[PDB]
Amino acid sequence: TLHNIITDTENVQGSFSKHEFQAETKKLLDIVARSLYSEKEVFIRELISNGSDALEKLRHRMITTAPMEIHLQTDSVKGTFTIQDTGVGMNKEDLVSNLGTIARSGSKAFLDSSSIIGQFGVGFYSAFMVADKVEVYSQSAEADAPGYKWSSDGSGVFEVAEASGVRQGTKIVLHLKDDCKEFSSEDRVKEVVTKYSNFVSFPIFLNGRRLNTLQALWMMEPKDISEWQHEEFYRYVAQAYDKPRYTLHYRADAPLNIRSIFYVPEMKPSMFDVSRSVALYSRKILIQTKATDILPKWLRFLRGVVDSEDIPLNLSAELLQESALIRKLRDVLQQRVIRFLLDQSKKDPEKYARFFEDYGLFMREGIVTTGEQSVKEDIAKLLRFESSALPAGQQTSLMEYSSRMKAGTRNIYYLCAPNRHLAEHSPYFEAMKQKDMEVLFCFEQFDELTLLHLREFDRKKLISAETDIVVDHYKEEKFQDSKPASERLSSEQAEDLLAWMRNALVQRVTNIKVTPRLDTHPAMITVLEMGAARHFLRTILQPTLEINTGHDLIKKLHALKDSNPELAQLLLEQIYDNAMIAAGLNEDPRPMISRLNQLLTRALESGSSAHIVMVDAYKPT
Amino acid sequence: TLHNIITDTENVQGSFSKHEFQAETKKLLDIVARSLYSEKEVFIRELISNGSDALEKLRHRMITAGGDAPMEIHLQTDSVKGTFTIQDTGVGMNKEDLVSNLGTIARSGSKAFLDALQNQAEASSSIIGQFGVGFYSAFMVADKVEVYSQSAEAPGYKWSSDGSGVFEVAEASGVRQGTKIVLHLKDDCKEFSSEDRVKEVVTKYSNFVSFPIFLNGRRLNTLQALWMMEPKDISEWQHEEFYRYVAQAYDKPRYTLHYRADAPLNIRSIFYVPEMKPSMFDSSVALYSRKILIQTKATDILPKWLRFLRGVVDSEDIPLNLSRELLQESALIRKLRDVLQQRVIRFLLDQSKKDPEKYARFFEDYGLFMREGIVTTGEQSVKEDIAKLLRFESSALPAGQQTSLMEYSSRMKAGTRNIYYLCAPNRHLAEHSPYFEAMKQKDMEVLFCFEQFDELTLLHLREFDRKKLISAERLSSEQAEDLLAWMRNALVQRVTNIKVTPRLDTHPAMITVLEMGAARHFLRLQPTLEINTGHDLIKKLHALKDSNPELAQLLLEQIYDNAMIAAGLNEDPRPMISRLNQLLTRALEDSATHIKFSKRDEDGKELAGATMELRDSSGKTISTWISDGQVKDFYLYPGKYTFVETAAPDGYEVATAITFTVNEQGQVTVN
Ligand SMILES: Nc1ncnc2c1ncn2[C@@H]1O[C@H](COP(=O)(O)OP(=O)(O)O)[C@@H](O)[C@H]1O
Ligand SMILES: Nc1ncnc2c1ncn2[C@@H]1O[C@H](COP(=O)(O)OP(=O)(O)O)[C@@H](O)[C@H]1O
Ligand code: BEF
Ligand code: BEF
Ligand SMILES: [Mg+2]
Ligand SMILES: [Mg+2]
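Chains as they are written, first to last, in PDB author numbering: chain B, 85 to 148, 153 to 200, 209 to 372, 377 to 639, 652 to 717, 722 to 737; chain A, 85 to 152, 154 to 239, 242 to 369, 376 to 566, 588 to 638, 653 to 717, 722 to 803.
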């Protein structure tokens, strides 16, 4: 039944020889040049990072005055990229051991400055991605040493000679290959600096002009950032022209080190873009997330930045193609954002209402597409509704509903209608008012779908009014009519009428019934799973028609079936249609307009009238 | 104002030494085992790739120096000891090859083997390894690695290391032909001694590896790489099954494209379009190379608008990043994306011919993707490529029938080069557009674009076929004028115009709109109601406005609402139902009493030309008019009034004023 081959069979014979690992240097160089970094442009990042590190080491040495800066120069005529830093520079032994040895990083021995970027000992070789020839001039700041020129074609060997006129620091000259002339373009080189190296701690000059490098706001003390600095920084990170309506500046080292700023734009989101967002950093250097989480999909409306020292970097930079503790970070961020937004609702409900109006669709999306019930409920805390127990216009929440529920109660009742007036005057609400439960009023298009997917909240089942009305037939229909029996059809009249209606609506309705639960309305359509039926139509519903035998229209229909039978049927058809529309279960309303106009004319029938008459006498002469 | 210190101030002084690049072996091992891959689980991919390569070399040897051995990769987990073991029955390694290949970073025996083959040999395209580092991925997850290997030539060996710069080699007995690798897993990596976990990783990366893969004596990879087979030797049921696997889906593909080509690059690929339409409540095309997963969500190979496709793309010669989970930046990959874009467009176009019906359903479901593509791309040539897939309706065609921009370009009058469209919520609002009524009479055909984002699509399209798209953008004569003047006051802030028109027939009124752009924002407004003065409800409305003003208010409101519905401008009439019910009950049951006034001669025939006033008991003139040879209607409320003749026509005597009373019961008396 099983096919295995692996067995404990092997035994060592005699002694072992010991060996050291070695390297195929030529092929390592090729790997760094062609196979290590997925984008050619990052040689700029790597060289700037090296210059920044050389400057940090000098700064640190300076404590134990001169300028500390990084210069870039593009010669589009000579096809040349030059970078020069005023840092510690390198001696002969340093040029040989650090530059000449792959995976050797002098920026490690440096152990006494979380400012140091360099780690791997390969970044420098990225120059050979874009250059036939690389020359290095370095002057190890120190009374002893002289200058040096380091030189290589990138294959196999390199040569070093003593040099004069070498300024303190290091200059590196890239003779660009014809493939890569784009990096002798000033506009091109500028694009790259501001992409990866825009938060570097020393000034960078490009062809004599100082680049507008920035402060890493996310690393700084939240209380020291003014609203205006956030406005500006938002515009930078979101590449936007408006300002944030909310700003969340979150630091933690709790489960994981986190330094982050999130913004909600003041603009409403584009509906085009919704169907068609935060940057990830470490050590002030950009790190890529294409095809990665950081935030869950429903929080893609947020803009801003996340930095976490617990995220390891691969040898290139990207990495972000993971699920480890990213999934954790994402869960932490989601929780914190929900808490932030709940707090904004407390502070300023009216402002939150505007937020919810503009961004609520993201919450609904999040509830609908999550499989995790606890997450659905967390996000659900952000939803807002009106209530039958609160004045019109006043927003409430599932939490506040829960806190008004009497000790006995175990369900949350809701009603979805286009607006406050229609909900308040809904036949489904009239029926519910005979009970003493609070009803949530939900006015937005996908609120019902949302609550259907939510299903329950804090162990309380969500039930639509329409559903609850149906369920009550299968319990005690112990409800009394709104009007005394004198204002209703007698039983004999009700039965006679119903039997007529059943014949007139044979294959349109499952059954027809009187209900004591209506007041203003002549009838209503009921369906057990009303919400799901409404949802299905967005592309027969064993519907029940329930009539109010106290309503003027119903009573008139009773008469009409024996006086103008054809008019009675037209009326009946219209009452059903009106109940289907009120139920939200109506197909195209256009084909009913014909009947309605016809009905309207036949209903509306002048009379006879009283005449006052004046005679004009003729004059004589 | 500039600051530069870069100057040619250096000079080469004296002689120079030549030095060879070196390599810090210790640190480099750490880099592979720590800082190379996004996930630790990837050591399983690498070791299986190596077993596949070993097997492939053995298979190649036996073509020529034939012999008889089964070709298999075996994995074993031990959850008590915390070990992961992989064994292949491939070509194995002698002592020299263990020291050379395993002991030297970036040395690849498999690469050398590849370089010596005829490019035509099958092993040329199935050997995976290139870099000579994949093996060091074991130290990511293992404190100790043991390799037992027995070459196919004329002694077994055990290679052993902790991964800290040294390794040991000793002779070993009992080693089976091939190679066995035993990982003693780190404490934080013990999950790879779990069978279920290892199974997840094997199926993720290595499910299509050419050789049988066993785990704890059970076979895993039962899935053959359909994209490498001849399109003709694959059945519809194989596609359905493969689709479901590769898309993780449960429906069938509505469309299947099996594309092979050796052109800009080796391509073996299969694309599917799902049968199920997508929505809000919510995999991609995967990238492979030599049957191994590179990216579950391929990024650079397709344009974003084709993200609705599922399936797989495999290329043997696509340039891989060292991590094997990315592609290098490449002009070849750019060309590939362009080629695929064109192939899929070509395929969908062909499908619109073979079955326009089916393609019509496809365009309804996925058309938004095409519209997005046209808006987001910057190449005019490609915009017009994707635009060949668009369907609209036309002014020159019946309702509900689709046409392409090409078919429009077909029918155009010989002396013209302009594409006229009109983006409307619906057909009614289109056919009755002022701007379109222009193009009806003198000019000719207009595209009707009802779908959302149809507008900015064409705006972004700009130009198609070297041509330019441009948006083309009873009751008497005084009874009616009276009615109109009343209507403008009850609907003061609902419409910006009220007209009278002779169409309608069955319809008492219709809504028309000038700007379609507005109407969208409205259901995203300045309507124009137009009245049929021959319609019974309108003539009823006319009569009730004075007689039963409150009833005529409901009726008016209803006629307006009914017209907005008939124009598709109000899709959810819930706001009107309570009112409509009031209208019905009141219609089936006025306060003002109808009073008809006759001015006559001595024979009792109606007399024109008399100036008349009606005044109330206070003396106030309520109304002044001239008799015109027919009866005059008034509607008065309870009180006392007087009809006064203020001028008689020439040759007639002025009659005595007539005083009358209307009471609360609607009965009238002359006093
Ligand atoms: N501009 C510079 N000035 C001084 N030292 C430098 C400079 N650039 C590189 N180095 C030295 O060379 C080493 C190698 O650089 P690189 O290959 O990028 O590795 P790292 O990851 O250490 O930065 C560094 O560790 C540093 O000691
Ligand atoms: N299971 C095996 N059987 C025989 N040879 C192997 C096996 N695994 C690895 N090798 C040899 O070791 C070399 C190093 O493997 P690896 O570091 O993955 O580099 P590569 O990219 O060449 O596969 C291979 O080129 C191959 O010659
Ligand atoms: F700049 Be080093 F390679 F991290
Ligand atoms: F498996 Be090798 F490093 F490509
Ligand atoms: Mg560096
Ligand atoms: Mg390998």
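Yeah, the Cβ is synthetic: ideal placement off N, Cα and C, and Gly gets one too.
Rounded C-beta distance between B/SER297 and B/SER136? I'm assuming under 8 Å.
-> In the first sequence, the residue the question calls residue 297 of chain B occupies position 201. In the first sequence, the residue the question calls residue 136 of chain B occupies position 52. Contact flag correct, Cβ pair sits at about 6 Å.
Can you grab the Cα-Cα spacing for the pair A/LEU310 / B/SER222, in whole Å?
-> Within the second sequence, residue 310 of chain A is the residue found at index 223, counting from 1. Within the first sequence, residue 222 of chain B is the residue found at index 126, counting from 1. Spanning the two alpha carbons is a distance of roughly 40 Å.
Comparing alpha-carbon positions, which option in A/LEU380, A/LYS339, A/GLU362 and A/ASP338 lies nearest A/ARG355?
-> Within the second sequence, residue 355 of chain A is the residue found at index 268, counting from 1. Closest option to A/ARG355, Cα to Cα, is A/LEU380.
Within-9 Å CB hit, A/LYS668 to chain B | In the second sequence, the residue the question calls residue 668 of chain A occupies position 540. Chain B has a Cβ within less than 9 Å of the Cβ of A/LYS668.
Would you list, in chain order, the members of the region 273 to 306 of chain A that have their beta-carbon closer than 8 Å to a beta-carbon of chain B?
-> Residues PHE301, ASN303, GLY304, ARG305 and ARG306.
Rank A/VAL786, A/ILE132, A/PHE169 and A/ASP92 by C-alpha distance to the C-alpha of B/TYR734 and give the top, closest one.
-> For the purposes of this step, residue 734 of chain B is identified with residue 618 of the first sequence, where counting begins at 1. Taking only the C-alpha atoms, the option nearest B/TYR734 is A/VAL786.
Whose CA, out of A/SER416, A/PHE792, A/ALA208 and A/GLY761, lies closest to the CA of A/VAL776?
-> By 1-based counting over the second sequence, the position of residue 776 of chain A is 644. Of the listed residues, the one whose Cα sits closest to A/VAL776 is A/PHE792.
Is B/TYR121 helix, strand or coil when you go by DSSP?
-> The residue you call residue 121 of chain B lines up with position 37 of the first sequence. If DSSP states are grouped into helix, strand and coil, B/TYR121 belongs with coil.
By the criterion of Cβ-Cβ separation under 9 Å, what are the contact partners of B/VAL262 in chain A?
-> Numbered from 1 along the first sequence, position 166 holds the residue referred to as residue 262 of chain B. Proximity of chain A to B/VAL262 at the Cβ level (cut-off 9 Å) is accounted for by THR93 and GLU94, in chain order.
Taking only beta-carbon atoms, is B/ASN414 less than 9 Å away from chain A?
-> Counting from 1 along the first sequence, the entry for residue 414 of chain B is found at position 314. So yes, B/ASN414 belongs to the interface.
Going by CA-CA distance only, name the one from A/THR725, A/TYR221, A/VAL437 and A/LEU313 that's closest to A/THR801.
-> Counted from its first residue, the second sequence places residue 801 of chain A at position 669. When each option's Cα is compared against that of A/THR801, the closest is A/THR725.
For the alpha helix (DSSP H) that B/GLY631 lies in, which residues bound it at each end?
-> On the first sequence, residue 631 of chain B is found 531 positions in, with the first residue counted as 1. From DSSP, the alpha helix (DSSP H) with B/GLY631 extends over 630 to 637.
Residue-chain proximity (B/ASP732, chain A), Cβ-Cβ < 9 Å = Translated into positions along the first sequence, residue 732 of chain B becomes position 616. At a cut-off of 9 Å between beta carbons, B/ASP732 contacts chain A.
Alpha-carbon to alpha-carbon, A/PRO491 and A/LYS447 = If you number the second sequence from 1, residue 447 of chain A lands on position 354. If you number the second sequence from 1, residue 491 of chain A lands on position 398. In this structure, the straight-line span from the alpha carbon of A/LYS447 to that of A/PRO491 is close to 22 Å.
Minimum Cβ-Cβ distance from A/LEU399 to chain B less than 9 Å = Within the second sequence, the letter at position 306 stands for residue 399 of chain A. So no, A/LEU399 is outside the interface.
Other residues of its chain near A/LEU386: CB distance less than 6 Å, five sequence neighbours each side excluded | Walking along the second sequence from the start, residue 386 of chain A turns up at place 293. Same-chain partners within the cutoff: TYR292.
Given 8 Å, three or more beta-carbon pairs between the region 87 to 94 of chain A and the region 728 to 746 of chain A = No: fewer than three Cβ pairs fall under 8 Å.
Run the CB neighbour count on B/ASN88, radius 10 Å, all protein chains shown included, and call it buried at 16 or more, exposed below.
-> The residue labelled residue 88 of chain B in the question sits at position 4 within the first sequence. Exposed, by the Cβ-count rule.
Check whether the Cβ atoms of residue 870 of chain A and A/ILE128 sit closer than 9 Å, and answer yes or no.
-> With chain A covering only 85 through 803, there is no way to say anything about residue 870 of chain A.
C-alpha gap between B/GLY252 and A/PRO351, whole angstroms | Counting from one through the first sequence, the residue named residue 252 of chain B turns up at place 156. Counting from one through the second sequence, the residue named residue 351 of chain A turns up at place 264. Cα to Cα, the separation comes out at about 32 Å.
Return no unless some Cβ of chain A is closer than 9 Å to the Cβ of B/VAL468.
-> Position 368 of the first sequence holds residue 468 of chain B. Between B/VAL468 and chain A, the shortest Cβ-Cβ separation is below 9 Å.
Residues near ligand 3, criterion Cβ-heavy atom distance below 5 Å = For ligand 3, the selected residues are B/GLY214, B/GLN215, B/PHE216, B/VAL218 and B/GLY219.
Per-residue DSSP class, three states only, for residue 720 of chain B = What the structure lacks is residue 720 of chain B: chain B is numbered 717, then 722, with the residues between left out.
Does any C-beta atom of chain B lie closer than 9 Å to the C-beta of A/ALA334?
-> Counted from its first residue, the second sequence places residue 334 of chain A at position 247. No, its Cβ sits nowhere closer than 9 Å to a Cβ of chain B.
Decide yes or no for the touch test of the region 176 to 191 of chain A against the region 100 to 116 of chain A: beta carbon pairs closer than 8 Å, at least 3 of them.
-> Yes: the two stretches touch, three or more of their Cβ pairs being nearer than 8 Å.
Alpha-carbon spacing of B/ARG427 relative to B/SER382, whole angstroms | Here the question's residue 427 of chain B lines up with position 327 in the first sequence. Here the question's residue 382 of chain B lines up with position 282 in the first sequence. Cα to Cα, the separation comes out at about 18 Å.
Near B/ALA715, what residues of its chain come up, given a Cβ to Cβ distance below 7 Å and the 5 sequence neighbours on each side ignored?
-> The residue given as residue 715 of chain B occupies position 603 in the first sequence. Shown here for B/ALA715: not one same chain residue has a beta carbon closer than 7 Å to its own, the five before and five after excluded.
Would you list, in chain order, the members of the region 89 to 103 of chain B that have their beta-carbon closer than 7 Å to a beta-carbon of chain A?
-> Answer set for the region 89 to 103 of chain B: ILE89, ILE90, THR93, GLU94, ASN95, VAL96, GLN97, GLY98, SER99, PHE100, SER101, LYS102 and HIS103.
Within this structure, are the beta carbons of A/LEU199 and A/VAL226 separated by less than 9 Å?
-> Taking the second sequence and counting its residues from 1, one reaches residue 199 of chain A at position 114. Taking the second sequence and counting its residues from 1, one reaches residue 226 of chain A at position 141. No, the pair does not count as a contact, with Cβ atoms beyond the cut-off.
Smallest Cα separation from B/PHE220: which of B/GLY188, B/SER236 and B/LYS196?
-> Here the question's residue 220 of chain B lines up with position 124 in the first sequence. Comparing Cα positions, the closest option is B/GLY188.
For B/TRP398, which residues from the same chain have a beta carbon less than 6 Å from its beta carbon, with the 5 sequence-adjacent residues on both sides left out?
-> Position 298 of the first sequence, counted from the first residue, corresponds to residue 398 of chain B. Counting only Cβ-Cβ distances below 6 Å, and skipping sequence neighbours, we find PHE462, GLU465 and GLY466.
Starting from A/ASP407, follow its DSSP beta bridges and name the residues at the other end.
-> As a first step, residue 407 of chain A is located in the second sequence; it is residue number 314 there, counting from the start. For A/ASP407, which the question treats as bridged, DSSP gives the partners A/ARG355 and A/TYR381.
Proximity test, B/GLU108 beta-carbon vs ligand 4 heavy atom, cut-off 8 Å = For the purposes of this step, residue 108 of chain B is identified with residue 24 of the first sequence, where counting begins at 1. It does not: the Cβ of B/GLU108 is nowhere closer than 8 Å to a heavy atom of ligand 4.
Cβ pair B/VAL360, B/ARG341 closer than 9 Å | Position 264 of the first sequence, counted from the start, is the residue given in the question as residue 360 of chain B. Position 245 of the first sequence, counted from the start, is the residue given in the question as residue 341 of chain B. Cβ atoms of B/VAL360 and B/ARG341: closer than 9 Å.
Sub-9 Å separation of B/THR620 and B/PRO527 beta-carbons = Residue 620 of chain B sits at position 520 when you count from the first residue of the first sequence. Residue 527 of chain B sits at position 427 when you count from the first residue of the first sequence. When the beta-carbon positions are compared, B/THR620 and B/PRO527 come within less than 9 Å of each other.
For B/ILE705, decide whether its Cβ has a neighbour in chain A, counting only Cβ atoms nearer than 9 Å.
-> Position 593 of the first sequence holds residue 705 of chain B. Yes - at least one Cβ of chain A is within 9 Å of the one on B/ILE705.
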